[PDB]
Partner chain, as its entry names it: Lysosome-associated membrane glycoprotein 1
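Given as structure tokens, the chain that follows is alone and in the form deposited without the partner chain.
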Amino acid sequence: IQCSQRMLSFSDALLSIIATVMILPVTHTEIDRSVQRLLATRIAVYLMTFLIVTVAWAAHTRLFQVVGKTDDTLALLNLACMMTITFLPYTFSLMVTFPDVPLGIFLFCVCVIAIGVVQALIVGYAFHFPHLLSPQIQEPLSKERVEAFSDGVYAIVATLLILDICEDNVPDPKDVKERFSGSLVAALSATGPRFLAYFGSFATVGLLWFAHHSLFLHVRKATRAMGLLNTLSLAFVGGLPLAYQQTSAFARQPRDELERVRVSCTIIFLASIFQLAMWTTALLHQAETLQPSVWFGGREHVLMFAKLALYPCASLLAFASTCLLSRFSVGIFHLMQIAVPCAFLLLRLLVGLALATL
């Protein structure tokens, strides 16, 4: 018998890697009609493979909620399960790209059966040894597994763009001599747009997590509904690097710039509206879901509501500005990107002043 905490922590460390695998082809597309069609299908494949893996992760979370502890043999079998799930993103992509060929669906079916067989072995082993079962066995989701998966997914998504910078955007000496007259600074400057995208992408996904971090500190017990929205929250957060990378790219006409800013704001709203939904959904059954410091009329109630609702409000103002002003919108988008971090920093005083004003 062994404590299962770490074995699972590693388990979600792999899944977050696998779930977000298909985002990499999305962000690596190079910038028209054919590109748009290609970009759409890549995005569609990403969302599908994210949910499929998430269901497999969900089954694992439930499966190991029964097996309270772990031993040497189960750890080996657990690895075989994870080794089995790592094929879903590839197998699915083959299936969609090849709907006519029956081989594609067969591989997809084989993989799903393989995951089931390994899990069937895992549960069988546990029953054969009652001391490996949870005391209850000897709806709610485990909170740690939701936390650990979320932390991973954000870390990959936050740092996607830099990994591309560290690899493909390191100047090569020969080009420096030829196309930059031997000036290193010029070579770095030509890469400046790509560096701004990373700064914005990290700041957004860096703060979106901060709202998530403070939300789940006061959550007593997650629920299936909260987990499902959380999955939808993270699914869209994966598109943020794509959004920012598009915004910083050169625009031939002002209409091109406006359209991209509309696209970028849409994903930020979708990513953070569901975090607000989780708060509201918890409020419905707050008696059994949240700490008593965030109940209706509680001390932190007003603070938490604002903290989650800032991005939904900020994004709508940016989107509304695009529709109405049509000329200062780009400045507002950049201005808000610099203002939102300040609002998060001064949230305590800002809300207190507002309460006095009201």
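Numbering follows the first chain given and starts at 1.
Just so you know, the form solved in complex with the partner chain exists too; it's not on screen, but the next bit is about it.
- Screening 224, 220, 262, 255 for any heavy atom within 4.5 Å of the partner chain in the deposited complex leaves a single hit, 262.
- Taking a 4.5 Å heavy atom cutoff to the partner chain in the deposited complex, the contact residue among 251, 276, 132, 122 is 276.
- Annotated contacts: 283, 286 and 296 all touch the partner chain in the deposited complex [non-hydrogen atom within 4.5 angstroms].
- Heavy atoms of residue 270 reach within 4.5 Å of the partner chain in the deposited complex, making it an interface residue.
- Mapping the unseen interface onto this chain, residue 231 falls outside it, with no heavy atom inside 4.5 Å of the partner chain in the deposited complex.
- The closest heavy atom approach of residue 62 to the partner chain in the deposited complex falls outside 4.5 Å.
- For residue 316, a non-hydrogen atom is located within 4.5 Å of the partner chain in the deposited complex, even though that partner is not displayed.
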